[PDB]
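Let me begin by presenting the structure, written as structure tokens, before commenting on it.
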Amino acid sequence: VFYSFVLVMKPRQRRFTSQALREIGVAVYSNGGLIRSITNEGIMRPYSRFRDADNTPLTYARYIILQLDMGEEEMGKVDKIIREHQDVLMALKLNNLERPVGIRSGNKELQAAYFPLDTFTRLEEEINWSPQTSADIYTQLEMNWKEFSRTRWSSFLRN
Amino acid sequence: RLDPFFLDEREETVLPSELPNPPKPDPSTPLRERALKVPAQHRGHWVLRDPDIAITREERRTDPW
Amino acid sequence: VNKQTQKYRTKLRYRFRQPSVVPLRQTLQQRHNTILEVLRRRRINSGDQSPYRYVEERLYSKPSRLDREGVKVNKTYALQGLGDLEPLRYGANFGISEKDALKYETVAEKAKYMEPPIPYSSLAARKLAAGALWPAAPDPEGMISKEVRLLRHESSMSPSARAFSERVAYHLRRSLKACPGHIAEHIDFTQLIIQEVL
Amino acid sequence: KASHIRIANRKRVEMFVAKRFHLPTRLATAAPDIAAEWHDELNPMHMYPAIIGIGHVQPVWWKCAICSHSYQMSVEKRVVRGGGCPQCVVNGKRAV
Amino acid sequence: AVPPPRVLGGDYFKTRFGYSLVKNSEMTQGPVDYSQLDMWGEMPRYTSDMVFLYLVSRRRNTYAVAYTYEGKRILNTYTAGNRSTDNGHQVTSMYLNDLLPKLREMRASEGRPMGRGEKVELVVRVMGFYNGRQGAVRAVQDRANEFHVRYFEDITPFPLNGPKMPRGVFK
Amino acid sequence: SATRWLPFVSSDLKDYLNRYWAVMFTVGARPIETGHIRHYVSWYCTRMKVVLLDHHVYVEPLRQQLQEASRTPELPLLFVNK
Amino acid sequence: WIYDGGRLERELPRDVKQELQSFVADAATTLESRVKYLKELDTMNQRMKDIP
RNA sequence: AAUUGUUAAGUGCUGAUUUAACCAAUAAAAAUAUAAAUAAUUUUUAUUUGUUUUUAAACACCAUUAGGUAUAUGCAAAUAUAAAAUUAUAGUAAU
Ligand SMILES: [Zn+2]
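Protein chains in written order, with PDB author numbering: chain V, 2 to 160; chain P, 125 to 189; chain D, 10 to 207; chain Z, 21 to 116; chain E, 143 to 225, 239 to 326; chain U, 5 to 86; chain H, 260 to 311.
Written out as structure tokens, the structure is:
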């Protein structure tokens, strides 16, 4: 992934959030960029209540992961569009996607010994792992799991 | 009249010591005489922001909170 | 560096500091044990003094060791008859002699010109067989208490001491939660009361 | 270093130029009657009078308050140079 | 060291304590999806009818406030000037003297009698590390028939940055 | 000096013994038995490495290897000269 | 760290202790000791004056 | 391992906790080591002081309870980091 954003948005109506995401995608595509992915993560209750433009503390918020491939000047344009949006309370810019964290400030001998195509070609869920994600889930995809998981409920149906 | 943000938080944070629904006084009620106007970031607890427990200048020289 | 890095550098310098380990309390503990052994073994005439301080002055003072080396001091400042209870500093086979050190007027000249001391002797062999080369460890006073009869008043101490104790009380009551977290996970702060600093 | 503040919790500006320029020259604060005629539908959602200044030279949409008419005018032309509705000025000369 | 004794049934377990394990509401729901975990899972479990007592001890003052589950101030903050160890003890005792009929009035307006047998559920939180901390909580300890304290904790400020401190503290 | 400072950590008991002269492996829930060995070792002016097994990244490897060197599962354990 | 528990007692202040030592102690022994100390100081000053 | 970041980052001034801090710019790159100055005339991260007035709400300080003063950001001036050259002092009384 070239760039990723975690958009925290106000839980408005469906049409307002749809228009906000549509304007964000239009600003991405008009500057000559590509959307790798956009995923909605539902409404969760954060540990800190963000304030909107009219200084109202919001208890709930919607999280959206946005993975993009854009040029850096155009990414600055889209970031200035996103950070000045009325519905976006907070959005961090994941700029450590091509190079992993700890290489630049870590060991000096282990600085040019990495491969950027290892991290650039995979998605953001394969770089920053979720708690439900693990290596055995990745090995299950290449092991022909359809012919093996058909017998996993043969003991629980009778009890 | 201006500056509501300067005495208040950027984002409402809730400490673990005040859980749940942290006790916040009403902003219309004024504080005590000669008291200290501390921002809502560098406060130890919201009970310390009560107008009767608002620390003054002479209490600041003796007690920290 | 800027102001922030300089403040963090001097904070790390004061936090992680190598102190000078000078074995002074073990020296005084060995001297206390030797004085107690001398007071137990031999009957000592006090002469309007405390017997502990009298045996201390007769053992470890400068005219006592100079009388051991031979100076013709006034009247017998050191103990004459001691066997294995004699301190190893003033043994006959030891490598430190104050008659050789009296011609040097500076400690640097003593460190420069004097010979290295003799490591092993017969009295050193007897103290090795007795295990008296290092004093025994006392009861640990680090974590039990400080049991004392009275407490000093604020009028007895200096006004600078009162101001300093007020500053210690302020910064202790302010940041008592700002301790190392591996000790803070066991301290029950609901019962802790700091009443005063003297 | 430099300290910053966020205008309407969105627009990160530097603190010195905010007290001189950025804060008192916003549309919603300095011209509240003009900012009440802001068009909420045709304008972009990342553009609103809480962050857009007085001298925004690019034309934005304005919803007129006397008549129901939307038009495009610059924000500096509306506030500094002095602007109004094009249908209201063509009805003003028609009446008198 | 020694394990606590065994309970064999919930019917007399309800009589052994002031609560019961088996709920009588009989909550019938079908949430096949995974449940939503709380933000603060490792915390005291605060029931809605619990009074939060705040005891702020200082050098020459001790304050006692009582808040509800939602943050509503029940009684005004008692000051020694308005009304030491004995100072905090008398302030907390005269606050708990007047806290009972105001609690009965505020709970009888909704439908809670709180007349006989039911003790006021209390959570005590202390500030200060002073001598008045000693006498205040003791003034809650003799009220065991009236105020049942479940969570005795403290609310002590962590000095994150601090605006500034006066000159006598530094120099 | 020539290398930036770094905290030592190891998953094996043998690297702790070969590095330090006096190593002690304690727990945070036992402060009295830890502080008594702190008084005895510092009385003889001996450099000592105290390893708190609370909040360590190799607790389960080190709790197994301390059971093999000392048959009793009691902490703290003093290790001098391997 | 000094544990108190309410059982340990404070000492007397400075001025009350000085007034108690001025009120209780006998005047004759302190007076003759001060006179002997004054004569010792005068003898020391005279011996310093004698050496040229 | 450090400096700067406004148009780039983190940001309540990262140093309260903590010997460890994302990202962006910066680690080397003419001949000669004997060669008789092969080099430049620049900058300030630190301390004060100025620059503007409903134009810091606060916190702190001097007149005693209320006024002003500054303080942090934006710029700016002065001084300073660092040995050597040049001139002189030999003995003090403390914890
Ligand atoms: Zn019109």
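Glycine included, C-beta positions come from ideal geometry on N, C-alpha and C.
Asked	Found
Test item: CB-CB of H40/U and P149/D under 9 Å	yes
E125/V versus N63/Z - alpha carbon distance	33 Å
Secondary structure of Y196/E, DSSP reduced to three states	strand
Cβ-Cβ separation, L22/V to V89/V (assumed contact under 8 Å), whole Å	That pair is no contact at about 10 Å.
beta-carbon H89/Z near ligand 1 non-hydrogen atom, thresh 8 Å	yes
Against chain P: residues of the segment 54 to 83 of chain V by CB proximity under 8 Å	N56 and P58
Rounded straight-line distance, which links the Cα of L159/D to that of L267/H	6 Å
Contacts that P188/P makes with chain D (C-beta to C-beta distance below 9 Å)	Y179, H180, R182, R183 and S184
Per-residue contacts from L267/H into chain D (C-beta, under 7 Å)	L160
Any non-hydrogen atom of ligand 1 closer than 8 Å to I54/Z Cβ	no
Reduced DSSP category for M123/D - H, G, I as helix; E, B as strand; rest coil	coil
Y48/U at chain D interface by Cβ criterion, 9 Å	yes
Separation of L207/D from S154/D, as counted between CA atoms	16 Å
For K83/Z: DSSP bridge partner residues	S90/Z
Straight-line Cα distance separating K53/U from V63/U	17 Å
Validate contact between the segment 44 to 51 of chain D and the segment 31 to 43 of chain Z using beta carbons, cut 8 Å, 3 pairs	no
Chain D residues whose Cβ lies nearer than 8 Å to that of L56/U	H191
Neighbour-count burial assignment, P312/E, 16 or more Cβ in a 10 Å radius	buried
C-beta contact flag for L17/U and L70/U at 9 Å	yes
Straight-line Cα distance separating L179/E from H59/Z	42 Å
Interfacial residues, the segment 130 to 155 of chain P to chain E, with Cβ spacing under 8 Å	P140, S141, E142, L143, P144, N145, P146, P147, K148 and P149
C-beta contact flag for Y196/E and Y176/E at 9 Å	no
Any non-hydrogen atom of ligand 1 closer than 8 Å to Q107/Z Cβ	yes
Outcome for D76/D when other beta-carbon atoms lying within 10 angstroms are tallied against a minimum of 16	buried
Chain E contact residues for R158/P, given Cβ-Cβ distances below 8 Å	Per Cβ cutoff of 8 Å: no residues; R158/P is ~14 Å from chain E at best.
Where the alpha helix (DSSP H) containing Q280/H begins and where it ends	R273 to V283
Close-in-space but distant-in-sequence residues of the same chain around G168/P (CB under 7 Å, 5 per side omitted)	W189
Chain V residues whose Cβ lies nearer than 8 Å to that of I71/Z	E85
Contact under 9 Å by Cβ, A48/Z with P69/Z	yes
Residues of the segment 271 to 304 of chain E with Cβ closer than 8 Å to any Cβ of chain D, in chain order	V281, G283, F284, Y285, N286, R288 and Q289
Any non-hydrogen atom of ligand 1 closer than 8 Å to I86/Z Cβ	yes
Distance CB(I53/D)-CB(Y69/D) smaller than 9 Å	no
Within 9 Å, strictly: CB atoms of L142/V and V2/V	no
Cβ-Cβ distance between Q14/V and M65/Z below 9 Å	no
Proximity below 9 Å, CB of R259/E to CB of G270/E	yes
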